[PDB]
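For reference, coords23.pdb is printed below; it contains PDB, C-alpha atoms and all ligand atoms.
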```pdb
ATOM      1  CA  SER P  42      58.573  -8.346  25.870  1.00  0.00           C
ATOM      2  CA  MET P  43      56.380  -7.798  22.734  1.00  0.00           C
ATOM      3  CA  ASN P  44      55.104  -4.201  22.307  1.00  0.00           C
ATOM      4  CA  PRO P  45      57.861  -1.629  21.798  1.00  0.00           C
ATOM      5  CA  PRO P  46      57.988   1.277  24.144  1.00  0.00           C
ATOM      6  CA  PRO P  47      55.813   4.148  23.017  1.00  0.00           C
ATOM      7  CA  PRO P  48      57.129   7.145  21.084  1.00  0.00           C
ATOM      8  CA  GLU P  49      58.872   9.760  23.234  1.00  0.00           C
ATOM      9  CA  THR P  50      56.562  12.368  24.866  1.00  0.00           C
ATOM     10  CA  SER P  51      59.043  14.263  27.060  1.00  0.00           C
ATOM     11  CA  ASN P  52      62.675  15.071  26.614  1.00  0.00           C
ATOM     12  CA  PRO P  53      64.431  18.184  27.920  1.00  0.00           C
ATOM     13  CA  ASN P  54      66.874  17.890  24.973  1.00  0.00           C
ATOM     14  CA  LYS P  55      64.106  18.444  22.404  1.00  0.00           C
ATOM     15  CA  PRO P  56      63.636  22.071  21.362  1.00  0.00           C
ATOM     16  CA  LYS P  57      60.120  23.274  21.907  1.00  0.00           C
ATOM     17  CA  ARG P  58      57.835  26.253  21.970  1.00  0.00           C
ATOM     18  CA  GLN P  59      54.310  27.355  22.148  1.00  0.00           C
ATOM     19  CA  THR P  60      52.746  28.925  19.071  1.00  0.00           C
ATOM     20  CA  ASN P  61      49.210  29.955  18.107  1.00  0.00           C
ATOM     21  CA  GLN P  62      49.267  27.202  15.445  1.00  0.00           C
ATOM     22  CA  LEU P  63      50.202  24.500  18.008  1.00  0.00           C
ATOM     23  CA  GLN P  64      47.457  25.815  20.315  1.00  0.00           C
ATOM     24  CA  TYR P  65      44.933  25.475  17.433  1.00  0.00           C
ATOM     25  CA  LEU P  66      46.282  21.993  16.810  1.00  0.00           C
ATOM     26  CA  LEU P  67      45.240  20.994  20.371  1.00  0.00           C
ATOM     27  CA  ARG P  68      42.063  23.044  20.987  1.00  0.00           C
ATOM     28  CA  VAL P  69      40.499  22.504  17.585  1.00  0.00           C
ATOM     29  CA  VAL P  70      42.199  19.724  15.700  1.00  0.00           C
ATOM     30  CA  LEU P  71      42.922  17.153  18.393  1.00  0.00           C
ATOM     31  CA  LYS P  72      39.768  17.750  20.480  1.00  0.00           C
ATOM     32  CA  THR P  73      37.558  17.467  17.360  1.00  0.00           C
ATOM     33  CA  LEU P  74      39.127  14.136  16.316  1.00  0.00           C
ATOM     34  CA  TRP P  75      39.274  12.784  19.907  1.00  0.00           C
ATOM     35  CA  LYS P  76      35.479  12.913  20.589  1.00  0.00           C
ATOM     36  CA  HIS P  77      34.539  11.261  17.243  1.00  0.00           C
ATOM     37  CA  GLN P  78      32.653   7.936  17.203  1.00  0.00           C
ATOM     38  CA  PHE P  79      35.590   6.300  15.338  1.00  0.00           C
ATOM     39  CA  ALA P  80      38.496   7.784  17.426  1.00  0.00           C
ATOM     40  CA  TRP P  81      38.810   5.008  20.038  1.00  0.00           C
ATOM     41  CA  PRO P  82      41.299   2.702  18.181  1.00  0.00           C
ATOM     42  CA  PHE P  83      43.543   5.769  17.621  1.00  0.00           C
ATOM     43  CA  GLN P  84      43.600   7.016  21.169  1.00  0.00           C
ATOM     44  CA  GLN P  85      46.615   4.998  22.299  1.00  0.00           C
ATOM     45  CA  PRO P  86      49.422   2.920  20.659  1.00  0.00           C
ATOM     46  CA  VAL P  87      48.504  -0.218  18.828  1.00  0.00           C
ATOM     47  CA  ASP P  88      48.587  -3.089  21.365  1.00  0.00           C
ATOM     48  CA  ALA P  89      49.939  -5.824  19.125  1.00  0.00           C
ATOM     49  CA  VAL P  90      49.971  -8.398  21.984  1.00  0.00           C
ATOM     50  CA  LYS P  91      46.313  -7.919  22.851  1.00  0.00           C
ATOM     51  CA  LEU P  92      45.426  -7.833  19.169  1.00  0.00           C
ATOM     52  CA  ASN P  93      47.522 -10.966  18.215  1.00  0.00           C
ATOM     53  CA  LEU P  94      49.330  -8.998  15.530  1.00  0.00           C
ATOM     54  CA  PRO P  95      52.955 -10.276  15.708  1.00  0.00           C
ATOM     55  CA  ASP P  96      53.675  -8.601  12.359  1.00  0.00           C
ATOM     56  CA  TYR P  97      52.466  -5.048  13.291  1.00  0.00           C
ATOM     57  CA  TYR P  98      55.746  -3.747  14.621  1.00  0.00           C
ATOM     58  CA  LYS P  99      57.712  -5.529  11.899  1.00  0.00           C
ATOM     59  CA  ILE P 100      55.695  -3.618   9.287  1.00  0.00           C
ATOM     60  CA  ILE P 101      55.206  -0.290  11.149  1.00  0.00           C
ATOM     61  CA  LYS P 102      58.518   1.091  12.149  1.00  0.00           C
ATOM     62  CA  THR P 103      57.376   4.624  13.003  1.00  0.00           C
ATOM     63  CA  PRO P 104      54.234   4.060  15.109  1.00  0.00           C
ATOM     64  CA  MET P 105      52.035   6.936  16.013  1.00  0.00           C
ATOM     65  CA  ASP P 106      48.702   7.574  17.628  1.00  0.00           C
ATOM     66  CA  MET P 107      46.535  10.244  18.980  1.00  0.00           C
ATOM     67  CA  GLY P 108      47.211   9.525  22.670  1.00  0.00           C
ATOM     68  CA  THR P 109      50.927  10.216  21.914  1.00  0.00           C
ATOM     69  CA  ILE P 110      49.980  13.316  19.948  1.00  0.00           C
ATOM     70  CA  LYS P 111      47.754  14.590  22.881  1.00  0.00           C
ATOM     71  CA  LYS P 112      50.583  14.111  25.386  1.00  0.00           C
ATOM     72  CA  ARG P 113      53.055  15.862  22.990  1.00  0.00           C
ATOM     73  CA  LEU P 114      50.680  18.808  22.644  1.00  0.00           C
ATOM     74  CA  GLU P 115      49.773  18.951  26.368  1.00  0.00           C
ATOM     75  CA  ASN P 116      53.460  18.802  27.334  1.00  0.00           C
ATOM     76  CA  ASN P 117      54.471  21.284  24.614  1.00  0.00           C
ATOM     77  CA  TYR P 118      56.891  18.827  23.037  1.00  0.00           C
ATOM     78  CA  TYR P 119      56.747  20.349  19.501  1.00  0.00           C
ATOM     79  CA  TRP P 120      58.791  23.116  17.911  1.00  0.00           C
ATOM     80  CA  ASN P 121      56.230  23.807  15.181  1.00  0.00           C
ATOM     81  CA  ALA P 122      52.850  22.882  13.728  1.00  0.00           C
ATOM     82  CA  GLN P 123      54.561  20.922  10.892  1.00  0.00           C
ATOM     83  CA  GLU P 124      56.000  18.372  13.410  1.00  0.00           C
ATOM     84  CA  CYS P 125      52.524  17.723  14.838  1.00  0.00           C
ATOM     85  CA  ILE P 126      50.895  17.577  11.425  1.00  0.00           C
ATOM     86  CA  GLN P 127      53.607  15.078  10.461  1.00  0.00           C
ATOM     87  CA  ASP P 128      52.558  12.860  13.414  1.00  0.00           C
ATOM     88  CA  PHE P 129      48.893  12.842  12.357  1.00  0.00           C
ATOM     89  CA  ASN P 130      49.973  12.002   8.772  1.00  0.00           C
ATOM     90  CA  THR P 131      52.168   9.152  10.055  1.00  0.00           C
ATOM     91  CA  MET P 132      49.272   7.747  12.093  1.00  0.00           C
ATOM     92  CA  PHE P 133      46.944   7.767   9.060  1.00  0.00           C
ATOM     93  CA  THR P 134      49.607   6.406   6.723  1.00  0.00           C
ATOM     94  CA  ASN P 135      50.524   3.607   9.105  1.00  0.00           C
ATOM     95  CA  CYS P 136      46.868   2.567   9.227  1.00  0.00           C
ATOM     96  CA  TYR P 137      46.659   2.415   5.457  1.00  0.00           C
ATOM     97  CA  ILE P 138      49.975   0.527   5.053  1.00  0.00           C
ATOM     98  CA  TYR P 139      49.055  -2.146   7.590  1.00  0.00           C
ATOM     99  CA  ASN P 140      45.384  -2.725   6.820  1.00  0.00           C
ATOM    100  CA  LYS P 141      43.338  -3.523   3.637  1.00  0.00           C
ATOM    101  CA  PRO P 142      41.098  -0.957   1.856  1.00  0.00           C
ATOM    102  CA  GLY P 143      37.504  -1.358   3.137  1.00  0.00           C
ATOM    103  CA  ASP P 144      38.696  -2.872   6.416  1.00  0.00           C
ATOM    104  CA  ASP P 145      36.638  -1.190   9.171  1.00  0.00           C
ATOM    105  CA  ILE P 146      39.760   0.361  10.781  1.00  0.00           C
ATOM    106  CA  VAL P 147      40.687   2.020   7.443  1.00  0.00           C
ATOM    107  CA  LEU P 148      37.102   3.428   6.923  1.00  0.00           C
ATOM    108  CA  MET P 149      37.390   4.766  10.446  1.00  0.00           C
ATOM    109  CA  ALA P 150      40.796   6.335   9.726  1.00  0.00           C
ATOM    110  CA  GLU P 151      39.488   7.782   6.451  1.00  0.00           C
ATOM    111  CA  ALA P 152      36.644   9.492   8.329  1.00  0.00           C
ATOM    112  CA  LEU P 153      39.036  11.011  10.807  1.00  0.00           C
ATOM    113  CA  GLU P 154      41.537  12.054   8.062  1.00  0.00           C
ATOM    114  CA  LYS P 155      38.732  13.833   6.240  1.00  0.00           C
ATOM    115  CA  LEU P 156      38.035  15.881   9.350  1.00  0.00           C
ATOM    116  CA  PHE P 157      41.735  16.437  10.056  1.00  0.00           C
ATOM    117  CA  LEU P 158      42.387  17.828   6.512  1.00  0.00           C
ATOM    118  CA  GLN P 159      39.331  20.218   6.965  1.00  0.00           C
ATOM    119  CA  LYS P 160      40.684  21.603  10.180  1.00  0.00           C
ATOM    120  CA  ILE P 161      44.276  21.858   8.830  1.00  0.00           C
ATOM    121  CA  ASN P 162      43.017  23.837   5.807  1.00  0.00           C
ATOM    122  CA  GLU P 163      42.004  26.580   8.337  1.00  0.00           C
ATOM    123  CA  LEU P 164      45.371  26.470  10.175  1.00  0.00           C
ATOM    124  CA  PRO P 165      45.667  30.166  11.134  1.00  0.00           C
ATOM    125  CA  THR P 166      48.690  32.287  10.177  1.00  0.00           C
ATOM    126  CA  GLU P 167      51.528  32.274  12.684  1.00  0.00           C
ATOM    127  CA  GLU P 168      50.802  35.382  14.672  1.00  0.00           C
TER     128      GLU P 168
HETATM  129  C1  LIG C   1      44.758   2.008  14.659  1.00  0.00           C
HETATM  130  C2  LIG C   1      45.157   0.699  14.065  1.00  0.00           C
HETATM  131  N1  LIG C   1      45.890   0.658  12.990  1.00  0.00           N
HETATM  132  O1  LIG C   1      46.096  -0.739  12.705  1.00  0.00           O
HETATM  133  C3  LIG C   1      45.441  -1.451  13.636  1.00  0.00           C
HETATM  134  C4  LIG C   1      45.434  -2.926  13.482  1.00  0.00           C
HETATM  135  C5  LIG C   1      44.835  -0.596  14.501  1.00  0.00           C
HETATM  136  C6  LIG C   1      43.963  -0.976  15.628  1.00  0.00           C
HETATM  137  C7  LIG C   1      44.114  -0.392  16.897  1.00  0.00           C
HETATM  138  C8  LIG C   1      43.299  -0.774  17.949  1.00  0.00           C
HETATM  139  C9  LIG C   1      42.299  -1.720  17.737  1.00  0.00           C
HETATM  140  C10 LIG C   1      42.122  -2.268  16.487  1.00  0.00           C
HETATM  141  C11 LIG C   1      42.961  -1.923  15.438  1.00  0.00           C
HETATM  142  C12 LIG C   1      40.876  -3.102  16.501  1.00  0.00           C
HETATM  143  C13 LIG C   1      39.799  -2.759  15.508  1.00  0.00           C
HETATM  144  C14 LIG C   1      39.471  -3.575  14.438  1.00  0.00           C
HETATM  145  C15 LIG C   1      38.481  -3.199  13.548  1.00  0.00           C
HETATM  146  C16 LIG C   1      37.810  -2.009  13.717  1.00  0.00           C
HETATM  147  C17 LIG C   1      38.105  -1.208  14.796  1.00  0.00           C
HETATM  148  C18 LIG C   1      39.098  -1.578  15.685  1.00  0.00           C
HETATM  149  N2  LIG C   1      40.570  -3.198  17.896  1.00  0.00           N
HETATM  150  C19 LIG C   1      39.582  -4.130  18.430  1.00  0.00           C
HETATM  151  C20 LIG C   1      41.304  -2.302  18.672  1.00  0.00           C
HETATM  152  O2  LIG C   1      41.119  -2.053  19.839  1.00  0.00           O
END
```

Now that the file is in, can you turn its structure into structure tokens?
Amino acid sequence: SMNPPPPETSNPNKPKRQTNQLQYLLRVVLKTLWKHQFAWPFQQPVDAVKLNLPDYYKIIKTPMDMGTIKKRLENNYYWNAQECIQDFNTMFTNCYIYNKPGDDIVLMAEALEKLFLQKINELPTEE
């Protein structure tokens, strides 16, 4: 009626596997971002109805969030680390497209992206 359905988090037609990189993505990358002071707005899809943002899902056509990412990791939805890293990048990029520089939500996203890029830089070799 207003919010779209969320991005897919299970589908037996999607190829998937477990890898050491995807396991790092969950144990290190996601859990470090999740517990941060500024994580809360990113922990579930944007609720455009609650927020009175009738333009959000006209502007953001590939929504993403960390709740979605957590479910995709916990359900082993991904084929590789690059797909998961793409989701994080989409989440951050969406935030910056929709909001103004120096908006609180952007400063919050920036703080989390800084941490994300630190953890990604130590993505271990596929083993
Ligand atoms: C993430 C995200 N990308 O664009 C928007 C808009 C959001 C977004 C997602 C959720 C919320 C808020 C904003 C918003 C808010 C405004 C300012 C600072 C912090 C939180 N609030 C009250 C929420 O529960």

Quiz item: Quick one: of P:162, P:112, P:155, P:149, who's nearest to residue 49 in chain P, counting all atoms listed in the file?
Solution: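 Checking each of P:162, P:112, P:155, P:149 against residue 49 in chain P, counting all atoms listed in the file, the winner is P:112.
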
Practice problem: Show me which residues sit within 10 Å of ligand LIG 1 (chain C) when counting only C-alpha atoms and all ligand atoms, and put them as a ChimeraX atom specification. | Solution: /P:79-89,91-94,97,101,104-107,132-141,144-150

Quiz item: Can you tell me, as a ChimeraX atom specification, what residues are no more than 10 Å from residue 78 in chain P when counting only C-alpha atoms, ignoring any on the same chain fewer than 4 positions away?
Solution: /P:74,149,152-153

So that all listed atoms of range 50-60 of chain P fit with 6 Å spare on each side, what axis-aligned box centre and edge lengths in Å, to one decimal, would you give as JSON?
```
{"center_x": 59.8, "center_y": 20.6, "center_z": 23.5, "size_x": 26.1, "size_y": 28.6, "size_z": 20.8}
```

Practice problem: Record the distance separating CA of residue 76 in chain P and CA of residue 161 in chain P, expressed in Å with one decimal. | Solution: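 According to the coordinates, CA of residue 76 in chain P and CA of residue 161 in chain P are separated by 17.2 Å.
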
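CA of residue 119 in chain P is positioned 9.6 Å from CA of residue 50 in chain P.
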
Exercise. Kindly resolve the PyMOL selection byres (((chain P and resi 64) around 12) and not hetatm) on the present coordinates and return the residues as a VMD selection string.
Key: chain P and resid 58 to 63 65 to 72 111 113 to 117 119 to 122 125 164 to 165 167 to 168

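Counting only C-alpha atoms, the residue from P:143, P:75, P:44, P:55 that sits nearest to residue 108 in chain P is P:75.
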
Quiz item: From the set P:100, P:43, P:90, P:158, which residue has the shortest atom-to-atom contact distance to residue 126 in chain P, counting all atoms listed in the file?
Solution: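 Of all the options, P:158 lies closest to residue 126 in chain P.
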
Quiz item: What gap, in Å, lies between CA of residue 45 in chain P and CA of residue 109 in chain P?
Solution: 13.7 Å

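Proximity of P:157, P:98, P:118, P:129 to residue 46 in chain P, computed with only C-alpha atoms, is greatest for P:98.
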
Quiz prompt | Nearest to residue 102 in chain P by atom-to-atom distance, counting only C-alpha atoms, from P:57, P:131, P:159, P:142 | solution = P:131

As a compact mmCIF listing (two decimals), in the frame of the given file, could you write out range 144-158 of chain P once it has been completed with N, CA, C and O atoms?
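And here's rebuild08.txt as it stands now:
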```txt
# COMPACT_ATOMS: atom_id res chain seq x y z
N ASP P 144 38.68 -2.42 5.02
CA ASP P 144 38.70 -2.87 6.42
C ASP P 144 37.99 -1.75 7.25
O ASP P 144 38.23 -0.57 7.02
N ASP P 145 37.24 -2.14 8.26
CA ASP P 145 36.64 -1.19 9.17
C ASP P 145 37.62 -0.17 9.74
O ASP P 145 37.30 0.99 9.80
N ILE P 146 38.79 -0.61 10.20
CA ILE P 146 39.76 0.36 10.78
C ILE P 146 40.22 1.44 9.76
O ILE P 146 40.35 2.61 10.09
N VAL P 147 40.34 1.05 8.49
CA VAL P 147 40.69 2.02 7.44
C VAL P 147 39.53 3.07 7.21
O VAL P 147 39.78 4.25 7.08
N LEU P 148 38.29 2.58 7.04
CA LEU P 148 37.10 3.43 6.92
C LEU P 148 37.00 4.41 8.08
O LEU P 148 36.68 5.59 7.95
N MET P 149 37.33 3.91 9.26
CA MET P 149 37.39 4.77 10.45
C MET P 149 38.51 5.85 10.37
O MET P 149 38.27 7.02 10.67
N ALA P 150 39.70 5.44 9.96
CA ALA P 150 40.80 6.34 9.73
C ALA P 150 40.49 7.37 8.65
O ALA P 150 40.79 8.55 8.82
N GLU P 151 39.88 6.91 7.56
CA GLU P 151 39.49 7.78 6.45
C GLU P 151 38.54 8.87 6.90
O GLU P 151 38.67 10.02 6.44
N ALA P 152 37.61 8.52 7.79
CA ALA P 152 36.64 9.49 8.33
C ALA P 152 37.30 10.56 9.19
O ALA P 152 36.96 11.77 9.10
N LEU P 153 38.25 10.11 10.00
CA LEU P 153 39.04 11.01 10.81
C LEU P 153 40.00 11.85 9.96
O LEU P 153 40.19 13.01 10.26
N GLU P 154 40.58 11.29 8.89
CA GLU P 154 41.54 12.05 8.06
C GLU P 154 40.78 13.15 7.32
O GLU P 154 41.28 14.25 7.09
N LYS P 155 39.57 12.82 6.90
CA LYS P 155 38.73 13.83 6.24
C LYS P 155 38.52 15.06 7.11
O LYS P 155 38.74 16.22 6.65
N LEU P 156 38.12 14.82 8.35
CA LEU P 156 38.03 15.88 9.35
C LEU P 156 39.35 16.61 9.64
O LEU P 156 39.38 17.82 9.73
N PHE P 157 40.43 15.86 9.81
CA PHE P 157 41.74 16.44 10.06
C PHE P 157 42.10 17.43 8.93
O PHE P 157 42.44 18.53 9.23
N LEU P 158 41.98 17.00 7.67
CA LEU P 158 42.39 17.83 6.51
C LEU P 158 41.52 19.14 6.44
O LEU P 158 42.01 20.23 6.05
```
